[PDB]
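Here is what each chain is made of, one letter per residue.
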Amino acid sequence: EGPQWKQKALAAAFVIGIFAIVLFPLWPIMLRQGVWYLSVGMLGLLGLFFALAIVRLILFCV
Amino acid sequence: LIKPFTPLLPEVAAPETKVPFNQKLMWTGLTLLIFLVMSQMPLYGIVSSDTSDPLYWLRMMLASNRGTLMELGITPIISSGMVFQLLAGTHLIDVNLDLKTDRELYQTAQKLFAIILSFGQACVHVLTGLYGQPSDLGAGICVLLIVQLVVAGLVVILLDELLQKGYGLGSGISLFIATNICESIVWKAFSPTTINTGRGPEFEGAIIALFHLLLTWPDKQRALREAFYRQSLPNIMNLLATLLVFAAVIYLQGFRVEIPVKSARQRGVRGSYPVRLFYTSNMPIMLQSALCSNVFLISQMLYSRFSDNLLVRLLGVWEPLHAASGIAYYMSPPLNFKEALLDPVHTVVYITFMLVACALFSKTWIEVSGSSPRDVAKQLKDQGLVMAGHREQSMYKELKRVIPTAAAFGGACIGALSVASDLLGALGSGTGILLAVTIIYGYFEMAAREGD
Amino acid sequence: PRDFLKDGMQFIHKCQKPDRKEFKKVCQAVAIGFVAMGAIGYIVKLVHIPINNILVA
Amino acid sequence: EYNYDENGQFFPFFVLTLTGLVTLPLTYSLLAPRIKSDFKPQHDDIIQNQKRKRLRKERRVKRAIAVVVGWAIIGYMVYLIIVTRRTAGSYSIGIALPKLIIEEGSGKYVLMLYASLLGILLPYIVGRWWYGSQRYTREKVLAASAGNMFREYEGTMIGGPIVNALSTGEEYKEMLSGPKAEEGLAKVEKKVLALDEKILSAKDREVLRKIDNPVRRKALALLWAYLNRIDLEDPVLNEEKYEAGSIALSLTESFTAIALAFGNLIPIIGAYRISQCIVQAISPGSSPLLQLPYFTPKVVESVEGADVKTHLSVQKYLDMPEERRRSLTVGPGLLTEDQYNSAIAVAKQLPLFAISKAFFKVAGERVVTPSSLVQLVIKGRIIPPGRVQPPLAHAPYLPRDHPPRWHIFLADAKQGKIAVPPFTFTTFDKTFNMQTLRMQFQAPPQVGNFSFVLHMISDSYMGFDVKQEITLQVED
Amino acid sequence: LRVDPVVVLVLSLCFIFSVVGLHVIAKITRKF
Amino acid sequence: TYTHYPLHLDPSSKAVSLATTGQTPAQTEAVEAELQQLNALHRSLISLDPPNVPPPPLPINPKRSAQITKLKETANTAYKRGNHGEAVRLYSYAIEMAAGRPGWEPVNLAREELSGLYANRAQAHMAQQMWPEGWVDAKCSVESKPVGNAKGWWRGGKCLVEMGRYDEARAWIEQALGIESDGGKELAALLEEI
Amino acid sequence: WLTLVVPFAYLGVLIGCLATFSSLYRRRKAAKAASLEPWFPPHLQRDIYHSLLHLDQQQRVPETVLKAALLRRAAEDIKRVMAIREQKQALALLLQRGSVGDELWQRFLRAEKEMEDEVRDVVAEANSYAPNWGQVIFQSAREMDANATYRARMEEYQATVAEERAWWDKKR
């Protein structure tokens, strides 16, 4: 019974979290800049990984 | 973990015994008209029109309109489908077995995620100030428009099962996108809306224009010269090119290399295993169109803000809405024949990119889809079928000799068809024609195989 | 290079082509489906233009 | 954004093209052998009129109004063009539709019309199509008829009770509506109940008397009057009789389907016999010698002996020496020579399949493997007693002409059930030449060899049945 | 929870008609 | 939910008779036959034992079987003695006695007893040159138990072939061979002698 | 605060329409299902047994006649369930071919359920009648039915000897 209540609370927390993150374009302008900076950092890391993959492919080709 | 949410979400009842083919076709034809009439109806409370349309290039791939009841369209269904297919492929949760209750909970979770994302999309569309302004429109109409969008989202997400659970001949997603392309073709052909750009008003339709410009114009030579091939509005030549591409793709879909096979569990029975030249049909061009639309949207959204930059200027420069002199410009298809003839390097690089991308996408998708030689040969060995060769000819060798060539050739072939239909000037993009042909062909084959 | 094109030509030469009767029949069926969907959509949009313009003020 | 044209300038061309594209192709909508016999049965006019009434197709009223409306529209639009074209540098889009549609006068009217249309005509026509494509079943008979006839099925019944279990159809309701029953019921019941002999009706009198709804008793008495060639004395009921014949044939097809799906030997071998008896119009249990054209119960009663419990089939009759002429062609009685000659000339043209080799064979090897696909080859020449289409059935006592089919099924004897459903075909591959016929099925997985019994039962004819015993093999 | 398909189709039709009625009521209140 | 029928119990007889008017002659005769069978079952139950409950079909009372067997034995001795009249008379008496077996008892035992009695009486009738009676008795015998009664099929086929109707005899022996060992050889000999 | 009740009023009238249509459709379907015709002709042994019970209530009737009536009712019910068990597989295999509508399948399901209820009721009543008299009733019922139909067949085959004797005397 207690495990069922804990699972129900976890599911409620998860649905509240997804319902909150889908409304993210309604940010209160407090944490929007930090999220944009984190997204830019993730994009830079992905670009670095892609460049490393291209360099490894060009090296293995030679 | 979503057990308690199961009795709450409504699901369409299963068929009692079975459904014939006529009743199935009637169900489909009656549930598609509802989608259409709902897509053509305007919402309430719309105030601020004539506003820039975000996700414009996605409206061709995703059935929707400007301000109708179907603004959410089918995006929640496909979004949930893609995210959960990615989760299943990446193997994050234990939901892989074919248990009945496992798949039931999986579908329940998919429906719940779809409806919650539909609610989120409706809320963000309302509160982003797209239809109007929350302070200007009022505090009473906002919740009314919210519920008016969420009710339609619920209607469509619950109506998808009416086609998927068994009452429909196919799926629901492959129809709401295959009907809009035929809609666009027929409306581009028989358009009644006139466009008076000076020197007499003309018709937007093709046949209507060929009749009008011929009946009320002197100098019939100059009346047909601007009716057969005019560049401003759709003409007859584009319609004939679309007809030619349609006939060519119908004829080319049928190429198949049958392989002889006889069973070994029950002696004597023969058969054949076909492997079409369009292996993974309409998957590579779909992936390429999705990638092109995604990179175009990214480049446009970056140029709308950081236009004064070096890498942004090298990525793509937009202008009236159409990229030019950039990477997105090279990825953009040529407009017409003269536009292709003015710059040869653009056409060359676009041809090469299209062919290579389609071929490689087919080659890498044939492994994820599960139709690889090492997989289909094992499946046939499990089913009991053995190669009907001369003296115990193996199956894996011939199968792995035939399949990869077929895939890597079909990818380039469908890419070449799309690029030829785009360069020749066929009505609608080549992707639309290919989708509208392939989906209808698959449904015809399914209908011929099931009953009739 | 050229080996891939030769393999493609070989796969084409080995493939069996559809006949004239089968091609004509499948083309007629696909054309029937296409015309049906297109005409239904066009009728819906044409009848909904004036009703929409009367509904919206 | 749009602005409808307030003149007769642009909508004429659009509506003219859209009307022509429908009215032009719609105008095109508005714009094997038989056997030889010089014998015409009694009441030829009635049966021939019913045969002509059987087929009917106009295909003219459905589209005539559409074509005439389209042409009237074309004419009016050409008139409007000719009249208005005389009186007839930015960006502005318009529509080729009239202005009165969007004006404040007819807006409410058109909106109410569209609402009423999409809220009434669509669900009504959808329910119509739904409840219209539900009553007809696969075998072309009302579903209520098949449901009512399924219950009347019994364990073992052959001959007599099949007619009783078959008369409970549904087409007789629509055929005998109103006062059409009591008009004949008394006369038909009296004639059938009295004139017929106990050999042709033994206990079915009870089943005929117990029923009380005169839409089934009338139909059953009429069916028996048809199956006995009773020639009731009035010119109004004969058409109903010859129509109940065809109705009973269709119900016989449905009943064969039902009994075959159930699974038994006696009901199936009885359904086939009653199909033969209905097509040939002879009483089930009477001598099959009545297939010849100029025979009457007196002739068959005088040729095959005074009173015998067996009945001389057509083959044994035609294979006798030249004594039948001294037996039925004397001519103060039974028949004359001028008719007996035509009788023989039409008896020497009936299909009689005589199989000579029926051996199993598996495709791909010589010895059949357990749980494999084995096909039995059966070959025998069509020898009359004396993709080519066979001649039609020589039965001039029903409206429709029946192409003689053949049913080949095989069953065992111990459990008395059927093994493989039959393979009904209706064509051969041209006395005559050596034919060939094939049929495949899945062998049962076992090791012990067992015996089967194949049947060559054919419909549309009575007395042509081959019952041969074969032996299957399983060696592994 | 289950629901019959006819109920689903009638619900969709009632949805469309309810939107139409809302529009026409707004127009009536506007003109009067 | 039940359809009421006005009954009337007769005192000192324990037999019920439907009161005057089911507003239909068919219903009237149906209820009359049903009440006749009901009185029959009531007589059987009151003649069973002071307890009016029927015994289960697992055990079998051997007295009736013993009486049937001794009647069959004395009938066989009387038939082998030379006479046939009193032989078939006592055979019919034994059939009438075995028919008195109630319905709640097992049916296979009575079926086998009637099989034996009918086969023996058919043979005795064949010894009397009475062919139709022998044929109907053989038909009842083979209808009782068709498996293992080779002598039944043989006697039926012989009676037919003697009395004519060769088609019926062919069908009879054909079904015999289909069901089916000296019996098989005798059946083949009779079929060849047709 | 009319602007806050207008959308609530819209949602309320929509939900009310949905519910008032769903309830009406369910009631119509239930009425159509209940309006179906019965499968087999009206039971007669049950009617006789219940009339005997009512005469008992309106009373002196012994219990031997009651036991006979219950035995006959059990025999009738066992014949009915035998017919249903014979027809079930045939109807199931026949429905796939499409030569039989769905109304027959629904009638058959209702008949099977009614027969299950009837057999439960009769075995309960029999257990109420005599101690441990619940399965012996059905054993005796099936044996009685088999013996009765066998005796009927035998009498029917025996009553034909007259015609055969007459025919043989005629042909002689």
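All residue numbers start from 1 on each chain and follow the order of its written sequence rather than the entry's numbering, and residues without coordinates are excluded. Written order determines the labels here, with chains lettered from A and ligands numbered from 1. Hydrogens and water are ignored here; the side-chain numbers use all heavy atoms of the structure. Residues with missing side-chain atoms are left out of burial classes, side-chain pairs and their counts.

Structure determination for this entry is recorded as cryo-EM, at 3.8 Å resolution.

This paragraph deals with the overall build of chain D. For helices the rule is a DSSP run of H or I covering at least 4 residues; for strands it is a run of E covering at least 2, with both sets numbered from the N terminus onward. A tally of regular secondary structure across chain D gives 17 helices and eight strands. Over its C-alpha atoms chain D spans a radius of gyration of 32 Å, topping by over 25% the 23 Å that the globule rule assigns to 476 residues. In terms of principal-axis extent, the alpha carbons of chain D reach across some 105 × 70 × 45 Å. For a compact globule the rule gives 2.2 Å times the number of residues to the power 0.38, and the radius of gyration it is set against comes from C-alpha atoms.

Our focus in this paragraph is the interface of chain B and chain D. Contact definition: two residues touch when any of their heavy atoms are within 4.5 Å. Listed per partner, the contact involves 28 residues of chain B and 30 residues of chain D. Those elements that place two or more of their residues in the side of chain B that touches chain D are α1 (21-39), β2 (193-196) and α8 (207-215) of chain B. Counting residues per element, the side of chain B that touches chain D draws most heavily on α1 of chain B, at seven residues. Residue polarity follows a fixed list, in which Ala, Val, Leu, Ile, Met, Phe, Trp, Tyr, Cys and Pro are nonpolar, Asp, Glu, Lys and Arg are charged, and the others, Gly among them, are polar. Grouping the amino acids of the side of chain B that touches chain D by side-chain chemistry returns 15 nonpolar, eleven polar and two charged. Paired strands are those between which DSSP finds at least two bridges. In this structure, β2 of chain B lies alongside strand β1 (residues 92-95) of chain D, joined through four bridges in antiparallel fashion. Among the inter-strand pairings, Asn196 of chain B is bridged to a residue of β1 of chain D, identified as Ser92 of chain D.

Another point: the pattern of salt bridges. The salt bridge definition used is simple: a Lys or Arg side-chain nitrogen within 4 Å of an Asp or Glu carboxyl oxygen. Using the criterion set out here, one finds 21 salt bridges over all chains in the structure. Ionic pairing is found between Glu189 of chain D and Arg217 of chain D, a salt bridge with its closest N-O pair at 3.3 Å. Of this pair, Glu189 of chain D sits in helix α9 (residues 185-195) while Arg217 of chain D sits in helix α11 (residues 217-228), placing them 28 residues apart in sequence. Measuring nitrogen to oxygen at the nearest pair gives 3.7 Å for the salt bridge that ties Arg46 of chain G to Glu118 of chain G. Assessed through its relative accessible area of 34%, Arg46 of chain G is described here as partly exposed. Residue exposure (1.4 Å probe, protein chains only): buried if accessible area is under 20% of the type maximum, exposed if over 50%, otherwise partly exposed. Given the relative accessible area of 7%, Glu118 of chain G is considered buried. Each of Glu322, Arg324 and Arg325 of chain D takes part in a single network of salt bridges with overlapping partners.

Residues and elements named next belong to chain F. Contact geometry of helix α6 (residues 150-163) with helix α8 (residues 182-192) gives a least axis separation of 10 Å together with a crossing angle of 10°. The orientation of α6 with respect to α8, classified from their angle, is roughly parallel. Across the interface between the two elements, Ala150, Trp153, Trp154, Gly157, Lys158 and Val161 of α6 pack against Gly183, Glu186, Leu187 and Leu190 of α8. Residue composition of the contact of α6 with α8, by class: six nonpolar, two polar and two charged. Angular values range over 0 to 180 degrees, each being the angle between N-to-C directions of two axes fitted as lines to C-alpha atoms, with helices fitted over their stretch in contact. An angle below 35 degrees is read as roughly parallel, one above 145 as roughly antiparallel, one from 65 to 115 as roughly perpendicular, and any other as oblique.

What follows covers the interface of chain G and chain F. Each partner contributes residues to the interface: chain G has 39 residues there, and chain F has 45 residues. For the side of chain G that touches chain F, the secondary-structure elements that each account for two or more residues are α2 (45-57), α3 (64-97), α5 (136-158) and α6 (161-171) of chain G. In terms of residue count, the dominant contributor to the side of chain G that touches chain F is α5 of chain G (13 residues).

What follows concerns the sheet that holds strand β8 (residues 385-387) of chain B. The three strands lie next to each other as β5-β4-β8 (chain B), forming an open sheet whose pairing is antiparallel. Only two strands of the sheet have a single partner each, and these edge strands are β5 (272-273) and β8 of chain B.

Now for the sheet that holds β2 of chain B. Within the open sheet, the three strands sit side by side as β3(B)-β2(B)-β1(D). Their pairing is antiparallel. Looking along the sheet, the strands with just one partner apiece sit at the ends: β3 (202-203) of chain B together with β1 of chain D.

What follows concerns the arrangement of the chains. When the twelve pairs of chains in contact are ranked by number of contacts, first place goes to chains F and G. At the level of C-alpha atoms, the two units chain A and chain G stay apart, their nearest approach being 22 Å. Here chain C and chain G are not in contact; the least distance found between their C-alpha atoms is 19 Å.

Residues and elements named next belong to chain D. Domain start and end points were adopted from an automatic or database domain assignment. Each domain of chain D was delimited in the assignment, giving domain 1 (11-103), domain 2 (135-286), domain 3 (290-348) and domain 4 (350-476). Buried area adds together the accessible area that both of two parts lose upon being put together, with accessible area traced by a 1.4 Å probe. For the pairing of domain 1 and domain 2, the buried interface totals around 570 Å² over both sides, and the portion due to carbon and sulfur atoms is 48%. Area buried by domain 1 at its contact with domain 2 is led by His43, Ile46 and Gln50, which between them contribute 67% of it. At the boundary of domain 1 with domain 2, the tally comes to zero salt bridges. Here a polar contact means two N or O atoms within 3.5 Å. Within protein one must be a hydrogen donor candidate and the other an acceptor candidate, and residues neighboring in sequence count only if both atoms are side-chain atoms. In this structure, the connection of domain 1 to domain 2 is made through two residue pairs in polar contact. In terms of residue class, the side of domain 1 that touches domain 2 is made up of two nonpolar, three polar and one charged.

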